Protein chains: 6
Amino acid sequence: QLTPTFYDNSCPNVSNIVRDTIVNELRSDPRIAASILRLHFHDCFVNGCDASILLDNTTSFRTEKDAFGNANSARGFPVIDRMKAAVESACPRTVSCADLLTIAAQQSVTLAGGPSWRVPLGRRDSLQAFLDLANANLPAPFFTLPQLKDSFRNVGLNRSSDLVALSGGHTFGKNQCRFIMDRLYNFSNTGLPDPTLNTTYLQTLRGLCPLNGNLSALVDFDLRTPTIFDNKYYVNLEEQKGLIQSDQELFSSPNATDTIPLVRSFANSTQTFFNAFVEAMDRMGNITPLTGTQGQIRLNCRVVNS
Amino acid sequence: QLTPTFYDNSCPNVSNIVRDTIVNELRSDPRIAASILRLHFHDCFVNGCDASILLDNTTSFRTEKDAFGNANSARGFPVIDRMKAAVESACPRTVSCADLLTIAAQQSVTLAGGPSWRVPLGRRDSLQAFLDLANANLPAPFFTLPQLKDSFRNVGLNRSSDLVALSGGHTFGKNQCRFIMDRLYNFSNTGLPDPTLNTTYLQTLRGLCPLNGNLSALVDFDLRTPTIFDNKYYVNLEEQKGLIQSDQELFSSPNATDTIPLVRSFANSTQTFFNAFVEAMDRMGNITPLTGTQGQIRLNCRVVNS
Amino acid sequence: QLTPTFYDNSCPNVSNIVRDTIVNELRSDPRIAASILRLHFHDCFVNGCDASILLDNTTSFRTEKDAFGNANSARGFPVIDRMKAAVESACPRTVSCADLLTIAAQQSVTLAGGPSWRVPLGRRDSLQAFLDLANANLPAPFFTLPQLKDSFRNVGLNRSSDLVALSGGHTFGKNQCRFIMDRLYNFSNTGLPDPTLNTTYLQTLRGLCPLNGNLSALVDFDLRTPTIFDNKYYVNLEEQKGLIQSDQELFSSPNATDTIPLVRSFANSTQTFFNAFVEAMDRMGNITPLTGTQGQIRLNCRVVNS
Amino acid sequence: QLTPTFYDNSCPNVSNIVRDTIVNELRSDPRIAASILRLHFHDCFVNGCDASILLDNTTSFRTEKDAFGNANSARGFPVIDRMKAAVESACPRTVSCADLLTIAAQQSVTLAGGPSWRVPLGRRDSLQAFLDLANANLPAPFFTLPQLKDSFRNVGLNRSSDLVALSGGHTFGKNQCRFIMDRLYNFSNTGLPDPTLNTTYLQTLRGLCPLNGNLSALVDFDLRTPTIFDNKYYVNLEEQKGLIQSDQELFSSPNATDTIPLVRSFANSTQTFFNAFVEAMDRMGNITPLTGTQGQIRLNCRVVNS
Amino acid sequence: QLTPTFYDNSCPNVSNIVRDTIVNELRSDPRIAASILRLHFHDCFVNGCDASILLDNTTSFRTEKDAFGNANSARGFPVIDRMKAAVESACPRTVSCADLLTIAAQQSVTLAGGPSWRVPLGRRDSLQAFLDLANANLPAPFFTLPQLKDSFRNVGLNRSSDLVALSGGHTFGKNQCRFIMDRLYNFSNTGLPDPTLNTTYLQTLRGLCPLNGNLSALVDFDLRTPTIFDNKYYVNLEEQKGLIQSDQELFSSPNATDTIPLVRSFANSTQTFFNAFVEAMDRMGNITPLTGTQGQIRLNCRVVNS
Amino acid sequence: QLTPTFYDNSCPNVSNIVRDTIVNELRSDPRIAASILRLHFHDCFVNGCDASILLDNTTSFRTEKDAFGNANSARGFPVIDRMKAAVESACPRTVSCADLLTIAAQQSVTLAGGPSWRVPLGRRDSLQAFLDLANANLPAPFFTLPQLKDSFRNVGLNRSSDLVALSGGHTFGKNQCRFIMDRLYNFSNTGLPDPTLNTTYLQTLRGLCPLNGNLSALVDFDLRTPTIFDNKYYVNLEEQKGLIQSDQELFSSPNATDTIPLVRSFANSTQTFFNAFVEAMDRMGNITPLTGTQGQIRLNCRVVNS
Ligand code: HEM
Ligand code: HEM
Ligand code: HEM
Ligand code: HEM
Ligand SMILES: [Ca+2]
Ligand SMILES: [Ca+2]
Ligand SMILES: [Ca+2]
Ligand SMILES: [Ca+2]
Ligand SMILES: [Ca+2]
Ligand SMILES: [Ca+2]
Ligand SMILES: [Ca+2]
Ligand SMILES: [Ca+2]
Ligand SMILES: [Ca+2]
Ligand SMILES: [Ca+2]
Ligand SMILES: [Ca+2]
Ligand SMILES: [Ca+2]
């Protein structure tokens, strides 16, 4: 039902427009590509990729921007508005916000040096935002592996490769100190740091996130190549250098039987990882989409067309 | 206009409640899933899926339960009342009986081992029952293929796949002897059995439905897997083992030019059949629904809210 | 994702059927093998090998047959229809037109004496034709080397070997006089012939394409073996006997630094060329294919299944 | 590094001298202003504005005058020699040929009625001519929009305004029939004229360039004001009256998403166009200049000082 | 594309492991080396050396073990499983079953005293088994020479040396009486034994395979050195002592014009035969392999990885 | 005497070749761009940019690779050999190793995100390596500011901007712990750390370079953007975060009167820094070059042509 050539006759330049917008932002916000990939992920895990995450509050529904995994964390919204205005100008009423965000996530990966592919298209925009569902569906950094696995399965991403490949999104981007404190100082009430955190790195992290510092300070997800989309994320995991608990568990959990091989496999071959990432991405992009005449094609991503 | 996420913020647990109710019934009535799928079908073919079939007699209108294809045949009503009370208790005045029956039919298929999907929702309940329309719209086992085709077209299901896929509902469930007698003994006044009925099976059927037995005795629609929702129904058709005339005609009628390929196709691939079934089901679920402020959300499925 | 054994259980005889059809045509049209190889190439460069080039005009989309590089040039369509009818007869609804054209191109090469291999299979057919994209993506005979290189890169064929190997398709086949006139008489407004065209050959070409003759008259791409698929194409390039500008530039352009070695290499070893050709062909055959449930398996290559 | 006041103390009268020379030529060759603007453009696109285009053949290097876009097309050289002798007489050894040609191009625009500004100065003259680079860098009338865009980007003119503004140089000047024939009779082998050429104008052009006439006959670039530097060039584009393919594509190409607005914008306001032109011109004038002690200040523009 | 050093950095000990396993088996089953060489041959002739022959039945495909030339004949499977477990233990997920069987066949030859060489590596495992293709591609003992030649050509082994060299695999190993009965008693309905079978040997064979004995009793292929890989196989052919019809025909067929010289040549020089064998083996090992990312690296040779 | 257009007619593709080589290396060694910039610097400071640093030992002279500032520090040599072979293949005997290394250093800067410019060319290669001169001319991390200033002046880089701009090369790249130990623990026998090293950073550095760790472990020169060529290097200096003593002294030395303003100036404007860097680079590239017929054009950078 979704096809990569959906706009080829109706709006042949969409990807160019999306790409130009991102390249442009990158000059002022080098973090933009990572943020955008994350928005798509947060979009798709709550009722599919329907742009529900882009809606602002209304008297009929609460915005997903207030969900626990989005509040004071999700960012990049004005950039999406900018690309939407640009494409409305070129192909009035034709490209939905759901598709736009998908194309943008894909372009962000390629621009950060990752694989290049054409994402299936033709999704439509939701009529409401689902805050409660977002609170229930988004995974948290403190989940154990069986919990992460449960979280992915819940939305239909039932293969270990889905979880392992998609976690590679942590090959760039930033993370707040608040999310790693319980690991640097008192992990799970043991009164000691997380035993799976390499001790040399532990010292560095403590320097970046001092026990009485700013919890909103940012640290890079990938210590090797912080801004390049490549497979270094997996190399770090093998050395016990995954930044957040959910990262390290893919390699260090007693339940990581089925994941350790994929991790090793992705760490050994950039190509194997890229192919896997691309397939996992297209599976995530296919979660319960709105197609045909369901939903709408928003004029502005933040509000339902009236 | 109908969207699968309609209740996601208002009554997130509906499907769970519906599913639990059915699983529970299944312990005492293994036939319940089949019966429920049949109610939805009989609902949708008479003025759309508006729960009109669930209304009991009033002084202003006759119940569809007395229609020729419903009388002493349709069953499962108390189970619908039970799930309705359960959901009224969880989400007072929010889920209509039309939606409830749709969710229930879908859950019955999955629970019997069929595909799993999210049905479009947001239908509303009718204000009256349409007995005459039911007498005119419901197909009968003795219809020829052009008649079955006419019957489906009449309600908008105009593709051969609609008829072939939806007939796969006969992959489980029961059927009364009365409906196959004219085939086992004197078919169409020829004084002989239906030539399209495999002769070995003919003997078995005669053992189950003796010339002077109980016409209400039940036989399984699918001799291979009587209770499992799978594609065996089509395999039987190729061997001349379709139970009722309307089943066998999809493969044996001289007019079965456009249907034979679909039958063969569904018999060869469980996946092809499942996809087809799901699409056909969603097309049937979209017949002239009552949406927006039309119709109502009944407190009890058997009566109009006063 | 694409595998050479895709039809081995479902339609084991496809290649035989394709081969027999071509052998048969060859008796009446000795040019058929060359034409078919060219169709596949023109198919793959416009949204991948999805048989989009085979669709005829509809009210929703214009046919690619009217694209600048196809109009009054592309040929062989009725032969594809013939092989499609033959395979539909043997394996109803199983082999897509995209796969058929790929198998046909490969068989045409082998039958003209080239290498023999099994092409990866499992592609599906597009839902529309892309005329504008064809106008933008197909290379022209007057492109400079950096332009040819840009054209190939654009579709993902980013290696110099891709361009050099695939240009070897000019080892057989015909070309119209109109495409070489600017070279025989007034090259690039210099008022003189192309200095890279051997002068003895120049005289012959002028005899074949007189200044006031028929622009549609045909000349052979390869003067050594016009109909045999071998490496002579490269030997001609070293002697300044490439027929069209884009051919000669691979060896004579000031930017031909990376291509001259491959040309020399392919001219010295039939085996080296064959291996290269085969790999380049499989890379071209892998451009953004439609797989799984995307696109369809057409009953007739010229129209979308309704 | 380049400053508009470079000669203000050393040779305060240069512009006057340049202007007087042009005014004088204009009496005998009304086309001179257009030709001169074109020389500067052809100078700057090949290794920057270094007067490399003005050098005649030597035994060490071939003249750029033989490049494909210059041969039997570029003109105005003796007029440059005349202004050079005049300024050598006033300020011996002080003004380079690169600066002279820049001042001349600017004066030609103003004298034809365009904006007036002071161009940045201080460039120096090259030691050789670059024929191959000229063959690779100069755009041709048959390029598609993505090709024109690629051509400009290649030399550093990376904004759509650069291409759109600078194409306005076609607001005056002449063009040979040979460059529009493929459009009037057989466009891209379609056997039909270019569909983007207004049909009334098509007839006029055919009258000026008969199918068997003189290919060197000249037609005006701008049908509204052939000799006045103004924004009419853009008005013609909106009516499908751009003379050469590269002109019309800025408005009619499927890829003209980012250019159509600029075209419309320049067509609506002479001032907006003038400002844009001036900025684009100064960006082109800044391509990799030779400054300080690099290159030399030629005594005669056609030869390197020995 | 296939290289002998493929595992040298990833799993340097594979050959040692394979060799040790075979040496070990040899103590209990002296026939193991011959059987293994035969498995590789049967693997390669059905869709290339992709380990398709090692897969057991599934509901999606029938095992090739039931093919006419495999049923109650092919053996050695548990030994392959043993070496696979041993190498999985040393280099988890790195060596495919296709490569393993190739290395094993080569080691079996050397261990039986044949030449020693490094086989090209890097093949991958198939996703299905091809029973019908096996029934069509495997040669039978009763084929005439033109039929054997046709059989080899069909898979790409088009030289007479391929057939003659590879038939030398009969220099060791066993054969069932059933395959030589038609020759010892009633050859081709002549009511007489095969005239090309030396009469003294005929008597011995009759003693081993009595007219009413066990058809599964085994006789040695090579009467001179039954277990040593050497050229004696050819010496026997010259004396009319080839055991099965396809063996003797290489020397006695009226069509054996091109083969008789090779036979004589191999009978005269152990070195000439060894070189030929090795080259023929590497050509057979190169039949349509799955490389790069095609196919997979099985964890267990009998089943597809799920 | 040196001109940026030196190879434009003789080997127009050199820069492309150099750039492609580096882009390629970057995939495996992200540190390559930094290393290459450093080689050029070490080349130019010892008898000018004459590629003397690239020569290996001979019986007539010792290699500069053994100089104190090169031994177990300088790297990237095989990459230079690779680009040299590539350009010899395209323009035999035309580009010297001295020019190649200059182009490479410039390309490394741009590829890491720095300015883009065309370096003056035409240098030639030396006939010997100068080890003693290298020992005397290369600056060390422990030099005081007057010593650094003396070192630069000695080779002709007599402006404070030369030292300040060129020190910005430390905006990327790595440095060994051994070079910062005296600063982290016992600075200049004071028994205390360097007072000009920010104390928070001091802790981090100590974590990276423990008092009894590996002296060859690497730390990044720029803590803000370790791999991006930008002006952050200067921002760190103002916060006392220059990594090595010679870095911090430009801002903290009592003699830093003339340098502090430049540091502040470069920290405030990326453009000001880029312009300065480029000019400083071209001044360094002009140190006593071998031109005309002096020196030679090496076939291989490691040895003198014999
Ligand atoms: C194409 C025309 C159709 C005809 C003529 C027909 C006829 C029948 C008949 C006569 C029975 C048995 C009634 C009894 O013994 O009391 C029956 C049962 C059933 N039918 Fe159909 N049917 C048709 C289409 C469908 C469709 C489209 C569906 C649903 C998707 C369906 C689902 C069922 C099920 C599941 C049962 C068994 C119900 C139970 O056991 O309670 N039928 N049908
Ligand atoms: C590299 C750029 C290429 C250009 C500019 C180009 C151009 C052309 C032209 C102009 C013709 C003759 C058209 C006519 O007279 O009607 C032609 C014919 C042909 N081309 Fe190419 N071609 C290119 C690449 C390829 C590729 C990659 C293949 C296939 C692997 C190919 C295969 C053929 C064949 C076999 C013919 C003859 C077709 C026939 O006789 O019907 N070409 N090509
Ligand atoms: C965008 C791509 C461009 C193309 C493909 C192009 C093409 C041409 C052609 C083919 C001619 C006529 C040649 C002849 O008949 O001999 C011409 C003339 C001219 N072009 Fe362009 N041009 C381009 C850009 C420019 C630019 C940027 C300028 C200057 C700012 C310019 C200024 C002129 C002028 C003034 C003439 C007339 C010269 C005369 O009458 O002597 N062109 N151009
Ligand atoms: C002002 C005096 C300078 C001193 C004392 C100095 C010192 C050093 C030292 C000690 C290292 C690390 C060596 C190692 O760990 O093996 C280094 C690396 C580096 N230096 Fe400098 N340097 C100076 C000037 C420059 C200049 C002018 C440039 C170039 C424009 C430069 C570019 C680099 C680069 C890019 C690296 C990292 C190389 C790599 O990662 O391989 N340095 N420098
Ligand atoms: Ca969503
Ligand atoms: Ca990374
Ligand atoms: Ca109803
Ligand atoms: Ca069943
Ligand atoms: Ca296509
Ligand atoms: Ca040929
Ligand atoms: Ca120039
Ligand atoms: Ca004008
Ligand atoms: Ca096989
Ligand atoms: Ca033997
Ligand atoms: Ca030096
Ligand atoms: Ca930096």
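Atom set for the values below is all heavy atoms of this structure, side chains included, hydrogens, waters and symmetry mates excluded. Counting starts at 1 for both ligands and their atoms, in listed order. Order of the sequence lines fixes the chain letters, A, B, ..., with proteins taken first and strands second; residue numbering starts at 1 for each chain.
Counting just the N/O/S atoms of A:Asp230, the one with the shortest distance to the Ca ion (ligand 6) is named OD1. Considering just the N/O/S atoms of A:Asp222, the one nearest the Ca ion (ligand 6) carries the name OD2.
Taking the centre and axis of the six-membered ring of A:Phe172, the NZ or CZ atom of A:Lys232 falls outside the cone set by 45° and 6.0 Å. Figure legend: D:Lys65 and D:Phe77 shown as a cation-pi pair, the cationic atom lying under 6.0 angstrom from the six-membered ring centre and within 45 degrees of its axis.
The nearest N, O or S atom of A:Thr171 is closer to the Ca ion (ligand 6) than 3.0 Å. Not one N/O/S atom of A:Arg224, from backbone or side chain, sits under 3.0 Å from the Ca ion (ligand 6). Taking 3.0 Å as the threshold, A:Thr225 counts as a candidate ligand of the Ca ion (ligand 6), since one of its N, O or S atoms lies below it.
Protein N/O/S atoms found under 3.0 Å from the Ca ion (ligand 13): E:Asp43 O, E:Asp43 OD1, E:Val46 O, E:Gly48 O, E:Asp50 OD1, E:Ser52 OG.
A side-chain donor-acceptor contact under 3.5 Å links E:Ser35 and E:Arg75. Side-chain polar atoms of E:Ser73 and E:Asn70 form no donor-acceptor pair below 3.5 angstrom.
The six-membered or imidazole ring of D:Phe61 lies away from that of D:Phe130, with a centre-to-centre distance of 6.0 Å or more. In this structure, A:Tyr234 has its ring center closer than 6.0 angstrom to the ring center of A:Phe273. Here the two rings, on A:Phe277 and A:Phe229, have centers that are under 6.0 Å apart.
With rounding to the nearest 0.5 Å, the separation of CD in D:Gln128 from OG in D:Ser52 is 9.5 Å.
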